[PDB]
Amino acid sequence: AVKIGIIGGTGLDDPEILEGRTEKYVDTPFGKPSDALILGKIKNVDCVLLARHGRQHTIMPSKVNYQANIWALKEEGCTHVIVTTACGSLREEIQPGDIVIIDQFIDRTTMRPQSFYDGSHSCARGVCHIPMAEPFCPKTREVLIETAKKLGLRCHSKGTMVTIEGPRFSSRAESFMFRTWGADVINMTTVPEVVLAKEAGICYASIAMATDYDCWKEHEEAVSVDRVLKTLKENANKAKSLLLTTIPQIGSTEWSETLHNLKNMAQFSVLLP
């Protein structure tokens, strides 16, 4: 049995993707999630949708309760969390509207708790050092890549996401710099969402959608809120189709070994007295 958590990002957090919807507000040991969980189905598969920034997009990236969001999805019984995230492109070949099925990150955040195991919660006791060599589930990523090909979508099979704190966009010097570090796309939300999913033993993958070329590339429209939202208005349907078609495929294969290995990694990352 699988259950798919969906975290919707900017422009890309649409409840109408699920059939048989029911709204459920929850609390967690780490506070309230961004908004109500939306429970529902894609074909025969149970899903749980959550708007990263709230359904009215009122929560900036620095203030998103990543702990509560992941906790809530875990507690509802999710085996997988597949998210969407708008991003800037740091590579000529990654065009606005393209999907990138990211496989790595570089952290540039500064303000965010990255662990459940902070010494202050009885529900997460001990000192936990989660491995991040392979932060995203490669099996979930594989299904996303295969499905995007079946849909004929422009989709990059890997990529390194640099996650900045924000909410400001990057300077040009920063944009240039991130290119030298080997970053391929830029956003404000992947870290610590991916990290906490891993501590939760959840298969996590990210549908990154390029919306702009940040500010490094000449003769392109400058990143701005309006430019991002424009690209998403034009291209959001592709992320929706990809979730709708991927999720049944996840539901039809066997995940017990993958989930057991993740559970083991998570459990053995915690040192108790």
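Under this definition, the rigid core comprises the largest set of C-alpha atoms superposing within 1.5 Å between the forms. Note that residue numbering follows the sequence shown and begins at 1.
J.: Once the rigid core is lined up, would you tell me whether 26-34 or 227-235 has the higher RMS CA deviation in 8 other deposited structures of this protein?
T.: Between 26-34 and 227-235, the one lying farther away in 8 other deposited structures of this protein is 227-235.
J.: Relative to the presented form, and with the rigid core used for superposition, do the C-alpha atoms of 4-12 or of 262-270 deviate more in 8 other deposited structures of this protein?
T.: Between 4-12 and 262-270, the one lying farther away in 8 other deposited structures of this protein is 4-12.
J.: Among the other compared PDB entries, is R55 dropped in a third or more?
T.: Comparison shows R55 kept in all of the other entries.
J.: Establish whether the other compared PDB entries of this protein leave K41 unmodelled at least a third of the time.
T.: Modelled in all the others, so no.
J.: Quick check on the record: does 188-196 or 69-77 carry the larger mean Cα temperature factor?
T.: Looking at the record's C-alpha B-factors, the answer is 69-77.
J.: Between 113-121 and 151-159, which has the higher average C-alpha B-factor in the PDB entry?
T.: Higher mean C-alpha B-factor: 113-121.
J.: Highest Cα B-factor in the PDB entry belongs to which of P131, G97, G126, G166?
T.: When the deposited C-alpha B-factors of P131, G97, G126, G166 are compared, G126 is largest.
J.: Would you please rank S34 by its C-alpha temperature factor against the other modelled residues of its chain and give the third it falls in: lowest, middle or highest?
T.: Middle third.
J.: Quick check on the deposited entry: does the C-alpha B-factor of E93 sit in the lowest, middle or highest third of its chain?
T.: Middle third.
J.: Quick check on the deposited entry: does the C-alpha B-factor of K240 sit in the lowest, middle or highest third of its chain?
T.: For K240, whose C-alpha B-factor we compare with every modelled residue in the chain, the answer is the middle third.
J.: Going by the recorded CA B-factors, say which third of the chain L50 sits in, lowest, middle or highest.
T.: For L50, whose C-alpha B-factor we compare with every modelled residue in the chain, the answer is the lowest third.
J.: Classify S224 as lowest, middle or highest third according to the C-alpha B-factor given in the PDB entry, relative to its own chain.
T.: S224: CA B-factor falls in the middle third of its chain.
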